[PDB]
Amino acid sequence: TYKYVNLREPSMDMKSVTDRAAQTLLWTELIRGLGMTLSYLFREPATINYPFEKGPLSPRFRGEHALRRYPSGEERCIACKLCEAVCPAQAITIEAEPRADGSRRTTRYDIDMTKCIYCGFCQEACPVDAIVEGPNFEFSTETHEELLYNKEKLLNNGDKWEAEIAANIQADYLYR
Amino acid sequence: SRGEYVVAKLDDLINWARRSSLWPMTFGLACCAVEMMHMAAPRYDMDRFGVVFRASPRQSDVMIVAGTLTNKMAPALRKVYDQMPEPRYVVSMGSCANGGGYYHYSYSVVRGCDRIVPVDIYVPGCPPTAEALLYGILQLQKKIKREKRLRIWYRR
Amino acid sequence: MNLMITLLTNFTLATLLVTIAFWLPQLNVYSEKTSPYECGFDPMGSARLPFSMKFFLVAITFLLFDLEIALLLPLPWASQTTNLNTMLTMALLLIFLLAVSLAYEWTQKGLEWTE
Amino acid sequence: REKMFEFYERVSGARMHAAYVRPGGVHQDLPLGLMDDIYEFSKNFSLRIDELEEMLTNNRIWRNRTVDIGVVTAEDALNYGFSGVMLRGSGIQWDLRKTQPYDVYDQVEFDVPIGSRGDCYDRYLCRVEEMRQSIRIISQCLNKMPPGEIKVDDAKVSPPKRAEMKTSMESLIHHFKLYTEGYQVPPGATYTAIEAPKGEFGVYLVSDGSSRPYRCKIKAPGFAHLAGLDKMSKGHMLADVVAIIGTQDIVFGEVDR
Amino acid sequence: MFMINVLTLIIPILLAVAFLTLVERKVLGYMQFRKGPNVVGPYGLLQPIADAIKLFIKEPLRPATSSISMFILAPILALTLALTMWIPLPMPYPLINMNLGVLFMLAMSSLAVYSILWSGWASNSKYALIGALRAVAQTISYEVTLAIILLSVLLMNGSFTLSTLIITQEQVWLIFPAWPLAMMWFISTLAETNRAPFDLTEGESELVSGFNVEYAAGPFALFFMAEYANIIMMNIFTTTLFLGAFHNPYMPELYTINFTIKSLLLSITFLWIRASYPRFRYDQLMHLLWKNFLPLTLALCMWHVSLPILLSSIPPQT
Amino acid sequence: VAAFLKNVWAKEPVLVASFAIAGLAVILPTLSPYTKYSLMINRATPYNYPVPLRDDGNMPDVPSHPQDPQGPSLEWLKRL
Amino acid sequence: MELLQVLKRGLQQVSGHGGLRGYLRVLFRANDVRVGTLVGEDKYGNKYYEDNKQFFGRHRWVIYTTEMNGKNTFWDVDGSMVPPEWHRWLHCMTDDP
Amino acid sequence: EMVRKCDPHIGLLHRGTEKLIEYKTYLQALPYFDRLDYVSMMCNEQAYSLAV
Amino acid sequence: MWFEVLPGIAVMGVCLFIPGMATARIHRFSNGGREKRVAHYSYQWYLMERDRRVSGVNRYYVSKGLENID
Amino acid sequence: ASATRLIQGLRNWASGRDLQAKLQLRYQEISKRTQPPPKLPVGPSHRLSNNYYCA
Ligand SMILES: CCCCCCCCCCCCCCCCCC(=O)OC[C@H](COP(=O)([O-])OCC[N+](C)(C)C)OC(=O)CCCCCCCCCCCCCCCCC
Ligand SMILES: CCCCCCCCCCCCCCCCCC(=O)OC[C@H](COP(=O)(O)OCCN)OC(=O)CCCCCCCCCCCCCCCCC
Ligand SMILES: CCCCCCCCCCCCCCCCCC(=O)OC[C@H](COP(=O)(O)OCCN)OC(=O)CCCCCCCCCCCCCCCCC
Ligand SMILES: CCCCCCCCCCCCCCCCCC(=O)OC[C@H](COP(=O)(O)OCCN)OC(=O)CCCCCCCCCCCCCCCCC
Ligand SMILES: CCCCCCCCCCCCCCCCCC(=O)OC[C@H](COP(=O)(O)OCCN)OC(=O)CCCCCCCCCCCCCCCCC
Ligand SMILES: CCCCCCCCCCC1=C(C)C(=O)C(OC)=C(OC)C1=O
Ligand SMILES: CCCCCCCCCCC1=C(C)C(=O)C(OC)=C(OC)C1=O
Ligand code: SF4
Ligand code: SF4
Ligand code: SF4
């Protein structure tokens, strides 16, 4: 149930001594290393042509956050604050009140993307599938405050990426 | 005018030579540097873009702050950034370098490297993927492409 | 004459690649960019302190073995003489004396580094 | 390593930091088609270990940088609190997947590589042979995967499914209270240490009955290994101390917390 | 019309250095299962132009503690001695046909070390000091065989004339009677030119950059292009020594094409050794060129003195 | 002697090859028939001018023209 | 000989891009000249290609449009230009275009 | 270059993880463990999971 | 694939073909359509200076044969 | 897997191993990106009787 790595004694007949002396004087293992490197020279490299070719992803992938809607236009977020109660970095800040038809909705739904740890506890804690962490990962900004999303930016992320987020939830939701 | 055309083409030449020869520096801090090594890995391959590491700050062009900036290393970060010759750029990788991240309310963490150095590109993620980091690097190249150095010299 | 012209050309466009390296870009000089590099933290002491050589006996014996290729170097020409067995004996005497010196430097552990 | 990060990204949604293995099991079941791709990876990974070992193990320049470098005696290894390969390079037959086994490591058969000289080179060979044995354990785990659920069915600890959270009342209450307050851990303290690939990685967890930890000390192997760096570096040079810091595989996030 | 001959020598062997940077990065990439540059030009063919423009529009950064005179003189002397070691190389005709061109190559090798050496001293830094005295430890290791190997190979030539070395190898290559000298000279030129496994001066992992760790862009360019001019000149010199080709006095371009492709194959061989080996510790460097190569080099020096006498095959000195 | 020779060929084959090549370079020109021909070629190479002689009357071994049959000849070099 | 087949595949890659002009177009915009089965084209002009004989990562690509939302994207191709319905197919979140 | 004393100053990445764990729940304290040994992620998850 | 290193090498090949080829042509332009005279030894220089003296145009490469004598 | 048999044979000789049998670049042998919808099993406490939580 254990093995001795490097407990080999070399052979001391004249054949193996002459073989190791030819290995020393004529550099056999160095030519082995050169041969393996030359073998990789004649291969197809694994370099995908970004930005035209993309690394493969799954429908579980956790990227940019987005607030989803029902298939009628109504937003899903009913202000229940589980996503900011389970958020391990306190990136989500929610302020709510009954809106003009008496419905439980949010007035403030902020996600600080520069506190966010992209672990997806908010999308698995949301009882109505409102907050999700969608597929976008190419959203680098040139200023810090552009990565402090309010409710408007997250709803626009949902309206932007809904035709993909709905399909990824349709692909994965039986595992959840 | 002719001189505006000449300084426009020379701006295009120097912006081409600076965005197509970015030399980052071997400088990571935390988990993002593993992914930054994956951006150097043969799948995404920074070196096809001219992006290749130089360990010294004197011969580096961009500093990718890849990881968590604590209080104990913030003067080391500032002196490393200071020892880069101009033009030098800063790409902030990951949430801890962007805004403190998962250690934001900590006693020992600088809440974003933009308290220390001027930051050009903020790359979001924990970690951002190597593809997202390469997206941020190509956005930095697009930011260098639209610089107007000699035009603003010609107009001032 | 051609050697001086060639050396002047090489030195000239090696120093005209430096005078267009210092005067062409834009400088922003301040007294932290020109600080000594010590991987981010401030250097402890000077780099003009004594940097103790471990390979010092090999460094001295290099000065006694580098003279040998001021002595063994006429051997392509010394083979062109008409007293040739004497030349061959003296040549093998010189390489043998170099070899006996190297053997003595081995056996007293002179080629090893200190500490 | 990129392909295994694709395996993480498929099973959990993130390439590096998954938050997948949770108290109670794992978060989410394996997606369909994952294990067949793990088989297609593990079928070919041995040739990669072979060509790494071709480039380095019998190479004379690799040996002259690592054979007489960083020798650790056994008693000074136990005294310095070393663990993992740092013990196993020195010949200390100790592996927590054998001696103090956890979840199903007593149900998988593998070997433990034992070094002979305590140097950087035997620790290199121990890490290469642990890659070999990890391929062996992945073969045994792909063959012996059982059907069933992936969380503990104590639904006051692990959350219910979303198909039953939206239908049952108790499952909705348990979802609510586990994602806001969380489960209450009973009072007491444990020290649970596993064989991480760097050595004995421990958690000393102190709970006071609440839903939050009272204390959580993180024992890292790299802390004690980097402590022993100062003995291991004696009589060597800079180009050897870089090999000693290599063979003490340090990740400083666990060294510094 | 000799100044035009000097320019048509030294400007294409700057363009060859420039595209050697691209060949290095791409052959190094395909040996590392990746690609090299292919974005900047059509399959990377304009990447070195971007690197050459970039280093001379970046701020030069003369340091505060640097002794400035030697700090500026070190890359100037680097690129000067890198260019001027190409002039006795027969291509099949050298620029300056020297009767003792081999000793010119050897002495200007010995003077090129002071570029690295004064750069490490003048840039008053600790890593630069380590990179300079590791160049001392490397040069006292390779110079103690670089002259005896090059002596033993010219005992079949008759002189120190590099142009006569074409006439010497008109029948057989001089690697066939002297392949131990050839395989030892090749490692001595690896250790001469600070290339891997004998980097040891610009140590990326021990040091940060070694001697040129303070040199920002512009002066750093004249160490890097100097080093690559040294490796192309050194493979051309190795090719002239051991793989000397057919020379037609009426068709010189045949010899030019032939030694060009041979020296390109040896340049790819340098890139392929740099892509495959760990780096020596710089004492094991010294215990190689003194304890292993030097005894056998003395033995082969005895053999190559006695053997033209032994077979009545002493070559002519004229 | 084969035991010590195999021991030094097992530990230090570089030095065994060194002493073998050096011993051949020592002893082998003393056992070769061609070492005389080296000296004969070197003293048969005309660097200087063959300064002629005033013919006193009795020098029968010295020619009066280079194509005369008396004098030193290099037919041994042409054949070898 | 099979090097002749290699030269024939190179010349039919020159043929498959509409000649030398389109060959140089996809060369200088893509740094990649291999042909592909045209899977689709969105409402912006981004063309989406398969080649299942390539390896996993190279088997699906996009040639971006030259004008998207008023910006000249001839040289400034961008990863964020892909619409979300093609972002599953291109990133291999599904087999289905 | 012979090393006479090594003093590794650490804490340049001391984030104060295990004080932040005290103010967060067990599920919220789980992703701190991914970032300790950030090349051995699910092993740290497994160790924390076995402790809890 | 790997043959994409073959353009750059080829460019480097031309950048090693240009010097030596040129100097051969330069040795055939300054020296009357022939090779450059090699004077390693002072006798060769004496013959070369004799050629420069007997050319009549103060150029060593302009040769004079039996047409110069009667 | 698109390499010529000359380059394939040179590559197999240089590495000393059979490389087309074990390729590190993935092709159509891998799993499909679109999978059928699963039916995940339930645990032992998903019963309607003899399922008192205190037991
Ligand atoms: C110039 C054209 C090409 C030439 C060939 C070179 C191309 C191939 C290069 C491959 C990559 C090498 C990269 C650098 C590697 C550095 C390491 C290295 O080489 O170390 C040297 C190694 C060192 O070996 P080592 O380091 O293992 O030695 C251990 C030493 N002790 C025991 C003291 C610890 O080998 C040598 O030194 C051998 C030198 C060459 C030997 C040539 C001998 C020829 C045969 C002579 C005759 C033999 C029979 C006796 C007489 C019989 C008479 C009848
Ligand atoms: C009086 C009028 C003239 C005034 C003086 C100007 C003289 C000419 C100066 C050089 C040319 C100026 C224009 C420079 C390029 C401007 C256009 C440009 O930037 O095009 C972008 C394009 C690449 O697009 P990109 O976005 O990078 O691609 C993404 C990846 N698909 O880029 C490309 O496709 C490649 C761009 C190549 C740039 C030119 C080639 C390099 C420069 C050569 C000359 C200078 C150096 C000479 C040698 C010095 C020593 C080595
Ligand atoms: C007469 C011929 C000409 C001789 C003079 C010319 C020599 C040319 C080559 C130059 C050599 C110069 C340097 C030689 C040094 C030899 C001394 C030496 O190194 O001894 C030590 C060595 C064992 O090494 P060690 O002490 O353990 O070192 C530890 C670190 N490596 O000890 C050894 O390895 C043992 C060395 C002695 C035994 C060698 C046997 C070789 C036999 C070959 C066949 C016979 C050749 C004819 C010569 C007689 C040999 C007995
Ligand atoms: C402060 C730091 C330094 C800063 C300034 C740096 C300047 C450049 C330094 C590097 C160059 C040093 C040159 C040293 C002299 C080299 C002489 C030489 O090249 O000799 C080789 C060659 C031998 O060939 P030969 O056998 O004579 O053939 C002709 C007869 N048939 O000879 C020939 O072919 C003969 C051709 C004519 C030779 C003329 C005599 C030499 C002129 C020397 C100039 C000054 C050298 C300064 C050295 C500075 C060293 C740092
Ligand atoms: C011994 C041999 C040594 C060889 C050394 C050189 C090797 C490489 C040779 C060149 C290789 C190809 C270079 C391609 C350059 C870019 C071409 C291109 O497409 O540029 C486009 C760019 C932007 O134009 P845009 O208006 O955006 O185009 C929209 C199109 N509908 O527009 C531009 O970039 C503006 C035009 C710039 C043209 C620069 C061309 C390259 C110059 C290289 C310098 C050396 C040339 C050779 C000298 C010696 C031989 C005579
Ligand atoms: C040359 C190949 C790419 C190397 C890129 C290194 C960039 C800096 C990353 C920092 C780093 C270094 C140096 C490093 O060596 C290392 O060890 C594995 C890390 O992880 C703990 C690092 O984070
Ligand atoms: C006209 C002369 C142009 C010289 C250009 C010099 C700058 C190019 C350096 C590229 C480079 C090369 C070749 C290189 O060898 C290298 O090592 C892997 C690098 O990364 C550390 C590089 O950046
Ligand atoms: S992914 Fe995690 S850190 Fe980010 S907002 Fe959601 S719960 Fe918070
Ligand atoms: S958990 Fe969902 S519904 Fe509740 S507050 Fe958060 S996003 Fe809104
Ligand atoms: S942003 Fe997160 S994943 Fe990234 S380095 Fe920081 S702690 Fe690690």
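None of the figures in this text is laboratory data; all of them are computed from the coordinates on show. All Cβ positions, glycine included, derive from the backbone under ideal geometry; neighbour counts span all protein chains shown.
Take the residues in region I:1-59 that are of a type in the set (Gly, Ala, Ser), under 30 Å from residue E:26 (Cβ atoms) and within 14 Å of the chain's Cα centre (by Cα); name whichever of them is nearest to the other protein chains (Cβ to nearest Cβ).
The residue in question is I:20.
In region J:3-32, which residue that is out of contact with any helix residue (DSSP H, G or I) (no Cβ under 9 Å at 6 or more places or on another chain) and within 7 Å of another protein chain (Cβ to nearest Cβ) is surrounded by the most Cβ atoms within 10 Å (Cβ to Cβ)?
Only one residue fits best here, namely J:25.
With respect to the numbered conditions (1) within 14 Å of chain J (Cβ to nearest Cβ); (2) surrounded by fewer than 19 Cβ atoms within 10 Å (Cβ to Cβ), which one is the sole condition not fulfilled by residue D:29?
Unmet condition: (2).
Condition first: surrounded by 24 or more Cβ atoms within 10 Å (Cβ to Cβ) and away from chain E (no Cβ under 14 Å). Can you find one or more residues in region B:38-55 that meet it?
No, region B:38-55 has no match at all.
Being of a type in the set (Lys, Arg) and within 11 Å of chain C (Cβ to nearest Cβ): is that true of residue E:291 here?
So residue E:291 fits the description; yes.
Which of the residues that make up region A:86-122 are touching a residue at least 40 places away in the same chain (Cβ under 8 Å) and either within 16 Å of ligand 2 (Cβ to nearest atom) or surrounded by 15 or more Cβ atoms within 10 Å (Cβ to Cβ) (or both)?
A:106, A:109, A:110, A:111, A:113, A:116, A:118, A:119, A:120, A:122
The rows are residues; the columns are (1) in contact (Cβ under 8 Å) with a residue 24 or more places away in the chain; (2) within 16 Å of ligand 9 (Cβ to nearest atom); (3) within 23 Å of residue E:237 (Cα to Cα).
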{"residue": "E:10", "(1), (2), (3)": "yes, no, yes"}
{"residue": "E:13", "(1), (2), (3)": "yes, no, yes"}
{"residue": "E:32", "(1), (2), (3)": "yes, no, no"}
{"residue": "E:63", "(1), (2), (3)": "yes, no, no"}
{"residue": "E:77", "(1), (2), (3)": "yes, no, yes"}
{"residue": "E:80", "(1), (2), (3)": "no, no, yes"}
{"residue": "E:88", "(1), (2), (3)": "yes, no, yes"}
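In the set E:68, E:49, E:96, E:87, which member is surrounded by fewer than 22 Cβ atoms within 10 Å (Cβ to Cβ) and either within 30 Å of residue E:166 (Cα to Cα) or among the charged types (D, E, K, R) (or both)? Before the answer, list the steps.
On the way: E:68 fails: either within 30 Å of residue E:166 (Cα to Cα) or among the charged types (D, E, K, R) (or both); E:49 fails: either within 30 Å of residue E:166 (Cα to Cα) or among the charged types (D, E, K, R) (or both); E:87 fails: surrounded by fewer than 22 Cβ atoms within 10 Å (Cβ to Cβ).
Step by step, each of E:68, E:49, E:96, E:87 is checked, and only E:96 is surrounded by fewer than 22 Cβ atoms within 10 Å (Cβ to Cβ) and either within 30 Å of residue E:166 (Cα to Cα) or among the charged types (D, E, K, R) (or both).
The rows are residues; the columns are (1) of a type outside the set (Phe, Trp, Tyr); (2) exposed (fewer than 14 other Cβ atoms within 10 Å of the Cβ); (3) within 16 Å of ligand 7 (Cβ to nearest atom); (4) closer than 30 Å to residue J:24 by Cα.
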| position | (1), (2), (3), (4) |
| --- | --- |
| G:21 | yes, yes, no, no |
| G:26 | yes, no, no, yes |
| G:47 | yes, no, no, yes |
| G:68 | yes, no, no, no |
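Which residues, counting only those in region H:1-47, are outside any helix (DSSP H, G or I) and among the β-branched types (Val, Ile, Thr)?
Within region H:1-47, H:3, H:10, H:21, H:25, H:39 qualify.
So which pairs qualify, if the first residue must be in region B:132-146 and facing another protein chain (nearest Cβ under 8 Å), the second must be assigned to a helix (DSSP H, G or I) and of a type in the set (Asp, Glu), the Cβ gap must be under 9 Å, and the two must be at least 6 apart or on different chains?
Short answer, once both residue conditions are applied: B:132/B:35; B:145/B:12.
Condition first: touching a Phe, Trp or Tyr at 6+ places or on another chain (Cβ under 8 Å) and more than 12 Å from every other protein chain (Cβ to nearest Cβ). Can you find one or more residues in region E:134-145 that meet it?
yes
All but one of (1) under 18 Å from residue H:40 (Cβ atoms); (2) buried (at least 21 other Cβ atoms within 10 Å of the Cβ); (3) more than 10 Å from every other protein chain (Cβ to nearest Cβ) hold for residue D:90; which doesn't?
(1) is the only condition that residue D:90 fails.
Show the residue pairs meeting these rules: Cβ distance below 7 Å; 6+ apart or different chains; first residue within region F:23-49 and more than 8 Å from chain E (Cβ to nearest Cβ); second residue assigned to a helix (DSSP H, G or I) and buried (at least 16 other Cβ atoms within 10 Å of the Cβ).
Sorted first by the residue in region F:23-49, then by its partner, the pairs are F:39/C:84.
Do any helices (runs of 4 or more DSSP H) entirely within region E:103-220 hold 2 or more residues that are hydrophobic (A, V, I, L, M, F, W, C), crowded, with 21+ Cβ neighbours inside 10 Å and more than 16 Å from ligand 6 (Cβ to nearest atom), and if so, which?
Here the list reads E:126-154, E:179-192.
Quick check: anything in region A:131-145 more than 18 Å from the chain's Cα centre (by Cα), more than 14 Å from chain B (Cβ to nearest Cβ), part of a strand (DSSP E or B) and β-branched (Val, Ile, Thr)?
no
Confirm whether residue A:52 is within 13 Å of chain B (Cβ to nearest Cβ) and within 16 Å of ligand 2 (Cβ to nearest atom).
Criteria met by residue A:52.
Out of the helices (runs of 4 or more DSSP H) lying entirely within region E:2-72, which hold 3 or more residues that are closer than 30 Å to residue C:30 by Cβ and either in contact with a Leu (Cβ under 7 Å, 6 or more places away or on another chain) or at the interface with another protein chain (Cβ under 7 Å from one of its Cβ atoms) (or both)?
E:47-54
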